[PDB]
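Have a look at the structure below before the remarks.
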Amino acid sequence: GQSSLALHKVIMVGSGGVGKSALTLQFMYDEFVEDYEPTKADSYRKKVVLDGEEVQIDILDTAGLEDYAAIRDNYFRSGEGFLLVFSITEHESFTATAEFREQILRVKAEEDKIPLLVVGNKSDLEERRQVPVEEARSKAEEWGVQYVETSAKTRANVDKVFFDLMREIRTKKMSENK
Amino acid sequence: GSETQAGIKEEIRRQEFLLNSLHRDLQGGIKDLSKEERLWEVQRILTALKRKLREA
Ligand SMILES: Nc1nc2c(ncn2[C@@H]2O[C@H](COP(=O)(O)OP(=O)(O)NP(=O)(O)O)[C@@H](O)[C@H]2O)c(=O)[nH]1
Ligand SMILES: [Mg+2]
């Protein structure tokens, strides 16, 4: 069966903003967010066709602050892969990545495997860098994952982070058992 | 007119209600696996209802 492969579940988290709403609209409409407030629980699914199969990726831009924990934490259960999106101007959200990680671990542990991809947004600031990518990439190595620089401003590597993570989901759904 | 969209809008509100309740109830610390799965499920229906709205 491959019906569990044509369906992907991806949750995008952050320290509040960062830009985890723009990337989604980019990957769906190819349009930059002029004015789109909601995205509290409001999210849409993207139809993509990879080499012949029309695949559906189910995305949630969840509220994550304290109040609406029922959107962030309580939704973590039914999500395969997770995109940790922060900006290198915020050392705080960098430190918070571990917190998000463990938040996910607290609700998911007895399943197959949790695909994690750390997404760095706003590679267009450069000099405003408060956290070195050097250690950020080191964190990728630390967790055995990948770290990708992106931006909805320049529109770079946006496709990559979405497709890359969804492909890992297939490996998780196929399981190992070796 | 709003003939078909009427039923859609009311259905959207129903799905929003389902989502809203599950959101408010669970923020209080009460959550269950039935709720978590239904949360995603009704959400996907809400987003499909959005399509249904612009469909008619
Ligand atoms: N990478 C990048 N993104 C940008 C730039 N300018 C604006 N954006 C985008 O503008 C969007 C606005 O983010 P933000 O203010 O946090 O919106 P929000 O808080 O999610 N809205 P709400 O709180 O109502 O859900 C982000 O998605 C961000 O990516 C830019 O120069 N570079
Ligand atoms: Mg938003």
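Ligands are numbered from 1 in the order shown, chains are lettered A, B, ... in the order of the structure tokens, and residues start at 1 in each chain.
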Residues near residue 166 (chain A), cut-off 9 Å, only C-alpha atoms, skip fewer than 3 positions along chain, as a count of residues only: 13
Within-10 Å residues of ligand 1, basis only C-alpha atoms and all ligand atoms, as a ChimeraX atom specification: /A:14-26,32-42,61-64,87,120-125,149-156
Could you write out that same residue set with N, CA and C atoms as a CSV table (one decimal), in the first residue's frame?
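See selection_1.csv below for the written result:
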chain,number,residue,atom,x,y,z
A,14,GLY,N,7.2,27.9,15.7
A,14,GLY,CA,8.1,29.0,15.8
A,14,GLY,C,8.0,29.6,17.1
A,15,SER,N,8.6,30.8,17.3
A,15,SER,CA,8.6,31.5,18.6
A,15,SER,C,7.5,32.5,18.6
A,16,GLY,N,6.7,32.5,17.6
A,16,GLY,CA,5.5,33.4,17.4
A,16,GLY,C,5.3,33.8,16.0
A,17,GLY,N,6.3,34.5,15.5
A,17,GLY,CA,6.2,34.9,14.1
A,17,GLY,C,7.3,34.3,13.2
A,18,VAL,N,8.4,35.0,13.1
A,18,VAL,CA,9.6,34.5,12.3
A,18,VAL,C,9.3,34.6,10.8
A,19,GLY,N,8.2,34.0,10.4
A,19,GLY,CA,7.8,34.0,9.0
A,19,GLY,C,7.2,32.7,8.6
A,20,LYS,N,6.7,32.0,9.5
A,20,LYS,CA,6.2,30.6,9.2
A,20,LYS,C,4.8,30.6,8.6
A,21,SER,N,4.3,31.8,8.2
A,21,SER,CA,3.1,32.0,7.5
A,21,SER,C,3.3,32.2,6.0
A,22,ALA,N,4.4,33.0,5.7
A,22,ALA,CA,4.7,33.4,4.4
A,22,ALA,C,5.2,32.2,3.5
A,23,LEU,N,6.0,31.4,4.1
A,23,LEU,CA,6.6,30.2,3.4
A,23,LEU,C,5.5,29.3,2.9
A,24,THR,N,4.4,29.2,3.7
A,24,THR,CA,3.3,28.3,3.3
A,24,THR,C,2.6,28.9,2.1
A,25,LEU,N,2.2,30.2,2.2
A,25,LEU,CA,1.6,30.8,1.0
A,25,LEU,C,2.4,30.8,-0.2
A,26,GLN,N,3.7,30.9,0.0
A,26,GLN,CA,4.7,30.8,-1.2
A,26,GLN,C,4.6,29.5,-1.8
A,32,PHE,N,3.4,36.5,-2.2
A,32,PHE,CA,3.9,37.0,-1.0
A,32,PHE,C,2.7,37.5,-0.1
A,33,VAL,N,2.8,37.3,1.2
A,33,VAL,CA,1.8,37.8,2.1
A,33,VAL,C,1.7,39.3,2.1
A,34,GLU,N,0.7,39.8,1.4
A,34,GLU,CA,0.4,41.3,1.5
A,34,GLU,C,-0.2,41.6,2.8
A,35,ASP,N,-1.4,41.0,3.0
A,35,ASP,CA,-2.1,41.1,4.3
A,35,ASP,C,-2.9,39.9,4.5
A,36,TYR,N,-2.4,39.0,5.4
A,36,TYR,CA,-3.1,37.8,5.7
A,36,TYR,C,-2.9,37.5,7.2
A,37,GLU,N,-3.8,38.0,8.1
A,37,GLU,CA,-3.6,37.9,9.5
A,37,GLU,C,-3.9,36.5,10.0
A,38,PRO,N,-5.1,36.0,9.9
A,38,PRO,CA,-5.6,34.7,10.6
A,38,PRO,C,-4.5,33.7,11.0
A,39,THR,N,-4.4,32.6,10.2
A,39,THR,CA,-3.5,31.5,10.5
A,39,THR,C,-3.3,31.2,12.0
A,40,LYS,N,-4.5,31.2,12.7
A,40,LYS,CA,-4.5,30.8,14.1
A,40,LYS,C,-4.6,29.3,14.1
A,41,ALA,N,-5.7,28.9,13.5
A,41,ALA,CA,-5.9,27.5,13.2
A,41,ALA,C,-6.2,27.3,11.7
A,42,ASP,N,-6.3,28.5,11.0
A,42,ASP,CA,-6.6,28.5,9.6
A,42,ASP,C,-5.4,28.1,8.8
A,61,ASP,N,-0.4,26.0,10.2
A,61,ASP,CA,0.3,27.1,10.8
A,61,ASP,C,-0.4,27.4,12.2
A,62,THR,N,0.2,26.8,13.2
A,62,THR,CA,-0.5,26.8,14.5
A,62,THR,C,-0.1,28.0,15.4
A,63,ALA,N,-1.0,28.5,16.2
A,63,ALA,CA,-0.7,29.5,17.2
A,63,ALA,C,0.1,28.9,18.3
A,64,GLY,N,1.2,29.5,18.7
A,64,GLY,CA,2.0,29.1,19.7
A,64,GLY,C,2.5,30.2,20.6
A,87,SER,N,14.6,32.6,13.2
A,87,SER,CA,15.4,33.6,12.5
A,87,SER,C,16.7,33.8,13.3
A,120,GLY,N,15.8,28.0,8.8
A,120,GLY,CA,16.2,29.3,9.2
A,120,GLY,C,15.7,30.3,8.2
A,121,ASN,N,14.9,31.2,8.7
A,121,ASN,CA,14.2,32.2,7.8
A,121,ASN,C,15.0,33.5,8.0
A,122,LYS,N,14.9,34.4,6.9
A,122,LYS,CA,15.4,35.7,6.9
A,122,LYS,C,16.9,35.7,6.7
A,123,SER,N,17.4,34.9,5.8
A,123,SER,CA,18.8,34.9,5.4
A,123,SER,C,19.2,36.2,4.6
A,124,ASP,N,18.2,37.2,4.6
A,124,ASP,CA,18.4,38.4,3.9
A,124,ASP,C,18.8,39.6,4.9
A,125,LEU,N,18.9,39.3,6.2
A,125,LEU,CA,19.3,40.2,7.2
A,125,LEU,C,20.9,40.3,7.2
A,149,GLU,N,18.9,27.3,5.0
A,149,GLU,CA,18.6,28.7,5.0
A,149,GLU,C,17.6,29.1,4.0
A,150,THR,N,16.5,29.8,4.4
A,150,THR,CA,15.4,30.2,3.5
A,150,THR,C,15.0,31.6,3.7
A,151,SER,N,14.1,32.1,2.8
A,151,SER,CA,13.6,33.4,3.0
A,151,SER,C,12.4,33.5,2.0
A,152,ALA,N,11.3,34.1,2.5
A,152,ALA,CA,10.1,34.3,1.7
A,152,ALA,C,10.3,35.6,0.9
A,153,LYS,N,11.3,36.4,1.3
A,153,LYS,CA,11.6,37.6,0.7
A,153,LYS,C,12.3,37.4,-0.7
A,154,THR,N,13.3,36.6,-0.6
A,154,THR,CA,14.1,36.2,-1.9
A,154,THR,C,13.5,35.0,-2.5
A,155,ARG,N,12.7,34.3,-1.7
A,155,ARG,CA,12.0,33.0,-2.2
A,155,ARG,C,13.1,32.0,-2.6
A,156,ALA,N,13.8,31.5,-1.6
A,156,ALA,CA,14.9,30.6,-1.8
A,156,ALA,C,14.8,29.4,-0.9
Spatial neighbours of residue 15 (chain B), 9 Å, only C-alpha atoms, chain gap at least 2 places, as number ranges by chain: B: 10-13, 17-20, 42-43, 45-46, 49
Residues from last step as file, N, CA and C atoms, as a JSON list (two decimals), in the first residue's frame:
[["chain", "number", "residue", "atom", "x", "y", "z"],
["B", 10, "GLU", "N", -23.33, 28.02, 6.55],
["B", 10, "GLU", "CA", -23.83, 27.42, 7.79],
["B", 10, "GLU", "C", -23.02, 26.18, 8.16],
["B", 11, "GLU", "N", -22.59, 25.44, 7.15],
["B", 11, "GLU", "CA", -21.76, 24.27, 7.38],
["B", 11, "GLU", "C", -20.38, 24.70, 7.88],
["B", 12, "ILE", "N", -19.83, 25.75, 7.27],
["B", 12, "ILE", "CA", -18.56, 26.33, 7.71],
["B", 12, "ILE", "C", -18.65, 26.71, 9.18],
["B", 13, "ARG", "N", -19.71, 27.43, 9.54],
["B", 13, "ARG", "CA", -19.94, 27.84, 10.92],
["B", 13, "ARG", "C", -20.01, 26.63, 11.85],
["B", 17, "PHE", "N", -17.47, 25.90, 14.69],
["B", 17, "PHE", "CA", -17.97, 25.60, 16.02],
["B", 17, "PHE", "C", -17.30, 24.36, 16.59],
["B", 18, "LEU", "N", -17.24, 23.30, 15.79],
["B", 18, "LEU", "CA", -16.59, 22.06, 16.19],
["B", 18, "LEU", "C", -15.14, 22.32, 16.58],
["B", 19, "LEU", "N", -14.45, 23.07, 15.73],
["B", 19, "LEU", "CA", -13.05, 23.38, 15.95],
["B", 19, "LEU", "C", -12.90, 24.29, 17.17],
["B", 20, "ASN", "N", -13.72, 25.32, 17.21],
["B", 20, "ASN", "CA", -13.70, 26.30, 18.29],
["B", 20, "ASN", "C", -13.91, 25.65, 19.65],
["B", 42, "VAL", "N", -11.71, 17.66, 11.71],
["B", 42, "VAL", "CA", -12.66, 18.75, 11.48],
["B", 42, "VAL", "C", -11.96, 19.94, 10.83],
["B", 43, "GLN", "N", -10.70, 20.15, 11.19],
["B", 43, "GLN", "CA", -9.87, 21.17, 10.56],
["B", 43, "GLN", "C", -9.81, 20.96, 9.05],
["B", 45, "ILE", "N", -11.89, 19.42, 7.31],
["B", 45, "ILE", "CA", -13.23, 19.64, 6.80],
["B", 45, "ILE", "C", -13.51, 21.14, 6.70],
["B", 46, "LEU", "N", -13.04, 21.90, 7.68],
["B", 46, "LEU", "CA", -13.15, 23.35, 7.67],
["B", 46, "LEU", "C", -12.47, 23.93, 6.43],
["B", 49, "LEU", "N", -14.40, 23.02, 3.47],
["B", 49, "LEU", "CA", -15.58, 23.88, 3.46],
["B", 49, "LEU", "C", -15.25, 25.25, 2.89]]
Contact residues (chain B, partner chain A, 12 Å, only C-alpha atoms) as a ChimeraX atom specification: /B:15-16,19-51
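Of note, CA of residue 142 (chain A) and CA of residue 65 (chain A) are spaced 26.5 Å apart.
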Strand (DSSP E) residues, from DSSP on the backbone, in region 8-168 of chain A, as a VMD selection string: chain A and resid 8 to 13 45 to 50 53 to 61 81 to 87 116 to 121 147 to 149
Residue 97 (chain A) environment, 8 Å, only C-alpha atoms, sequence neighbours closer than 4 positions dropped, as a list in words: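 With the cut-off at 8 Å, the set is residues 84, 93 and 101 of chain A.
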Could you save those same residues with C-alpha atoms as a tab-separated table (two decimals), in the first residue's frame?
chain	number	residue	atom	x	y	z
A	84	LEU	CA	11.23	24.32	13.34
A	93	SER	CA	14.01	31.20	19.29
A	101	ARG	CA	11.55	19.48	20.24
Separation of CA of residue 129 (chain A) from CA of residue 99 (chain A) in Å: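 Taking CA of residue 99 (chain A) and CA of residue 129 (chain A), their separation equals 21.3 Å.
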